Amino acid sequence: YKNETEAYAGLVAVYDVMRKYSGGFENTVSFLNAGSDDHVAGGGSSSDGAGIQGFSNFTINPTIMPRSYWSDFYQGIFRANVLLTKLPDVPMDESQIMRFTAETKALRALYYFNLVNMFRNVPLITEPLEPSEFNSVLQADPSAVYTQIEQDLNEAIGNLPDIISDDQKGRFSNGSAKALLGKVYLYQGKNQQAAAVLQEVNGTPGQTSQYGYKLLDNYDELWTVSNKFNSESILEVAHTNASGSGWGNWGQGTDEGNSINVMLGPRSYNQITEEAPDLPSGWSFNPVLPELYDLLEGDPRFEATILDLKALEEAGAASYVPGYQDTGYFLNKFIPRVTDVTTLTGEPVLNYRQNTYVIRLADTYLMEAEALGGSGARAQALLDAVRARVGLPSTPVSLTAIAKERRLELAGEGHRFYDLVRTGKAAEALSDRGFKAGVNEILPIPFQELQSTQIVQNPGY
């Protein structure tokens, strides 16, 4: 790296891997949604995405598990590993070496957290591998991987800015690193450490935290496509329509479009009257299941969350054509209107531009309340604030009331499956979909990652 500019381009390339949440077909959010009790895979037929269909009915196995869920995160980690060796020597201000270094560590932590949650048993690699180190590394115990995640985030925190300027938003601050660390603690049952750091993140619930975090006054504006990096955003993936993606680069690093936006829309949609929205057609992935519909139906977050094509058909206001395992209910939060269709160069369906909340403030309120055991005045105030934002009265705080609130607040944002697994509720919630206890809490390691390596397959696969 001759200079800052080059160094920064190297850091951008580490950040790019966050588009794996919502970019390309094999993104994490729609796949995770498919394995929860709120959605199935959907799509056009039983063979439409062998991996996501396999997760959705728990026949997933090492042959059909997409390799990109392993390799893409490792690609981001290896980039961060090399870049940490190069930053100290860059001819630029020391304060920028310090910032870039902290952001790189925060990213490595995030990507390792993604791997441990999906796969649990993974090699711990923190330095550029010699050609021989590479093919011979062993899986680490998850706790070692967690120790590295915490260390990375503990070293970053204090070395980032607290407040990020509007044109840099999307980059790590002390606030979003803390929020991530809080979640990391929570995911290991380190409740006291979780509550303590989340308190810093959240501040006084219902007001503005020290990091500028505030719940939006209207829940529905969270899903306004142009309302990017709003006050509720903590960690957010940037998508755009200006990359001009075509079929030739769909799902590569140069493709910045939001693929969840095309994947989730209804098929052959026609707007008959103005009572229905004007929508481009999509591929009917992540249909909303009736259990979630019935929970949300009288709830204020119903219209924002669920596009009720059943009801619109019944009123004569629209028509559509059912995809695979259609329910008539669709995940409205990420379904573009015709006003969201690009006018810039590129294929229309590949250049949708909604961002993705990796962490938002309602989620950190709910995580802190949980970390507090669902008990006491602070936990109550945190639950109260989430509910009040949508006009719901106070309800007595408890672990059960928090889990219910999370399901209504965060539906379709990719958290339900891991929430079920980490709280020990997954087997019971998903047994009827084919989930097998002691097996399907984690996913199979893609078969090709075992060939010529020391990697061992996960239990029961």
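Sequential numbering from 1, following the sequence displayed.
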- Task: Using only the Cα atoms and their B-factors as the entry lists them, report which of 448-456 and 435-443 averages higher.
- Result: 448-456
- Note on the structure: Mean B factor on CA atoms, stretches 411-419 and 426-434, record says higher is 426-434
- Just grab whichever of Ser259, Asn218, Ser173, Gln148 has the top CA B-factor as deposited. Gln148
- Task: Name the residue from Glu232, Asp89, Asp167, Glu370 with the greatest C-alpha temperature factor listed in the entry.
- Result: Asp89
- Give the position of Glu347 by CA B-factor within its chain, expressed as the lowest, middle or highest third. lowest
- Item | Relative C-alpha B-factor of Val397, binned into the chain's lowest, middle or highest third | middle
- Assert third(CA B-factor, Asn191) within chain per record equals highest
- Item | Third assignment of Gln199 from its chain's C-alpha B-factors | middle
- Note on the structure: For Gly212, the third of its chain by CA B-factor is the lowest
